[PDB]
């Protein structure tokens, strides 16, 4: 990997955003880090009420106005915001030449499962109501948002809602128990995600519910009928086996899966694209995948 990877690893080993002692310090810590990679001048951000869920339209000059990604941010269902993920959103808008709807879905512990899935499905239905066509739509998300992407597709399908052209999961979190082999074997090389913080956030999201609740932990969901899925994951991730097990389950359910394991990459390395070449390379691949499925 690029020598730039060492700089991102060094940043993450010091900041330890998921290890902050309180939820508000974790939220503020991630917002502080996101401010390091500020929005280019050509990004247009428009606040919207997405059918009872707050959102922001993210548009760049070459955004096709009729193509939309519903983007579901990461942060363990507990942290993250429009502020933390607007840069990743504009980079995807730029690569996929589309508009991105970045939603502020309800966060735990204040709003446990299933609040996040109620909000993601509400925003998708609102896009349909306001005239977006599923064949020009996609759902994408990182980490918890990657899990939420799969859960949103399952919930939409079960409600007879037409599914979008494709979906993208960046380092998805789909096992809320952290029982994947990589949760032990990649603990030493993962500077951001470990089992203890994951279980802390899972507890806030689940509020005592079964950790294998399908819409909370879509490794246990029925994935039949889902549209083509791109899963991007780093091999230096405790969550590597979340992506491997998701790919196995989706393929067993007849879903078209592309699993891309990026050698030595860390959790949501795409977020560091300003400084990490592999981050921008991975976002270019997301754009290629979406534009292919919108043909």
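Numbering follows the first chain given and starts at 1.
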| item | value |
| --- | --- |
| Stretch with the higher entry mean CA B-factor, where the candidates are 121-129 and 68-76 | 121-129 |
| Residue range whose averaged C-alpha B-factor is higher in the record, 279-287 or 9-17 | 9-17 |
| Residue with maximal Cα B-factor (values as given in the PDB entry) among 40, 254, 228, 234 | 40 |
| Of the residues 162, 112, 208, 172, the one carrying the largest Cα B-factor as recorded | 208 |
| Residue 212 by Cα B-factor - lowest, middle or highest third of the modelled chain | highest |
| Lowest, middle or highest third - CA B-factor, residue 50 | highest |
| Record-listed C-alpha B factor of residue 196: chain third | highest |
| Chain-relative CA temperature factor third for residue 91 | middle |
| Residue 248 - which third its CA temperature factor falls in, relative to the rest of the chain | middle |
